[PDB]
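Both counts, for ligands and for their atoms, begin at 1 and track the order of listing. Just so it is clear, the values below take in all heavy atoms, side chains as well, and ignore hydrogens, waters and symmetry mates. For reference, positions follow the sequence shown, starting with 1.
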Amino acid sequence: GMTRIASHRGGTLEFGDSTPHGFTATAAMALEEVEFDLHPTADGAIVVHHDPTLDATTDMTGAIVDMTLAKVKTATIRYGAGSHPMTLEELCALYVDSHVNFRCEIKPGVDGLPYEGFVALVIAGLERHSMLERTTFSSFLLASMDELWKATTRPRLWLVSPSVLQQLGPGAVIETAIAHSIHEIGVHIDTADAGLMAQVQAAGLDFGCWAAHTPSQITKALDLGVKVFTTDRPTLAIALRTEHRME
Ligand SMILES: [Fe+3]
């Protein structure tokens with residue numbers, strides 16, 4: 001078939017991290033998914049932002065869950081020409097009329113523990129704005145995968161970090177997925193190879209990748225024939241795939 005392309009945070013290295021501009025630009029592009037992360041605010045809002053704090057990519061400091069949607073909207077995103085962080089409702093508006101689908105990540109808080117009651121709130125929100133039926137859900141945490149398995153019929157994918165992959169080893173990663181009724185894993189592109197993909201598929205699991213940001217990495221994913229990869233350079237990915245097909 002054809003390896004799908006997911007725009008990492010709207011295309012971080014083209015448009016900045018999680019910017020209205022990058023999401024808008026991604027919404028009009030010739031790829032299949034946009035990838036993004038969500039966190040709650042202290043007053044029940046759902047904001048699109050990678051880290052659980054605002055420090056790294058904005059001019060404001062603090063944990064998103066400790067602050068109001070008001071304060072979060074006062075923050076300005078680095079390299080985002082004046083942009084503020086998006087709510088989920090706002091993000092949904094840009095994609096309702098687009099052909100590109102959602103790949104949502106359930107990230108934990110600053111303490112690394114999952115947000116209590118949030119998976120439900122995200123599922124409600126997406127249903128309320130007519131995108132749930134176009135969302136694939138992802139997380140590094142089995143606690144979050146387990147909540148998703150119980151709360152939704154949408155596709156679920158487990159993000160397997162290099163540490164987990166190396167330490168558990170592929171055998172145990174596969175056993176753990178199967179034990180949790182997880183039908184797809186995503187590994188860091190630098191930890192992927194043909195043998196690993198063989199082993200994963202032989203167990204009945206889909207195999208995708210993440211962090212394919214360079215020409216080398218992007219080409220590796222296409223040559224390997226993975227199901228999907230996230231990329232901070234979606235423009236180049238599309239161009240490299242189009243050219244890979246023909247070659
Ligand atoms: Fe993510």
Side-chain angles (χ1 to χ4, degrees), residues 4-20 22-23 26-27 31-40 46-58 63-65 77-78 80 85-88 91-92 94-95 100-110 112-115 118-119 121-123 125-126 131 134-145 147-148 152 154-165 182 184-192 206-214 217-218 221 226-234 237:
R4 297 162 59 78
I5 292 179
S7 164
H8 196 226
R9 310 179 195 163
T12 321
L13 288 184
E14 300 183 8
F15 312 106
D17 188 303
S18 308
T19 62
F23 287 131
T26 287
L31 43 56
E32 299 65 46
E33 299 171 9
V34 61
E35 196 274 349
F36 57 98
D37 313 284
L38 302 163
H39 305 264
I46 301 166
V47 305
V48 189
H49 202 74
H50 175 254
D51 286 353
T53 66
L54 289 181
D55 308 40
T57 65
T58 79
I64 295 179
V65 80
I77 308 176
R78 252 172 278 179
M86 303 193 325
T87 61
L88 181 59
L91 175 55
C92 286
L94 308 182
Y95 284 83
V100 182
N101 290 336
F102 288 177
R103 170 180 169 150
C104 180
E105 190 176 339
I106 309 300
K107 284 288 190 201
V110 164
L113 299 174
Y115 299 113
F118 187 61
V119 164
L121 229 64
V122 175
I123 288 162
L126 283 154
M131 294 293 310
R134 302 167 61 191
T135 303
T136 276
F137 293 90
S138 67
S139 193
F140 282 92
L141 282 57
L142 290 185
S144 295
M145 298 302 295
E147 286 192 308
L148 288 167
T152 187
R154 299 307 306 162
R156 289 160 299 114
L157 92 80
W158 182 33
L159 301 160
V160 182
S161 63
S163 294
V164 167
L165 184 54
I182 287 160
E184 186 180 349
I185 75 173
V187 305
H188 190 287
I189 189 58
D190 294 332
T191 66
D206 286 342
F207 182 87
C209 289
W210 52 267
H213 305 319
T214 67
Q217 291 173 318
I218 290 172
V226 307
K227 176 173 172 177
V228 60
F229 63 84
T230 53
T231 188
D232 273 334
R233 300 194 67 193

Name of the residue among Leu31, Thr230, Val226, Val228 meeting side chain to side chain contact (heavy atoms under 4.5 Å, CB included) with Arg4: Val228
Exam field: side chain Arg233 to backbone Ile218, donor-acceptor pair closer than 3.5 Å: no
Expected output: side-chain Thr12 to main-chain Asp17 donor-acceptor under 3.5 Å: no
For the Fe ion (ligand 1), find the closest N/O/S atom on [X] and give its atom name.
X: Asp37; result: OD1
X: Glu35; result: OE2
X: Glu105; result: OE1

CZ (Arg156) with more than 12 external heavy atoms under 6.0 Å: yes
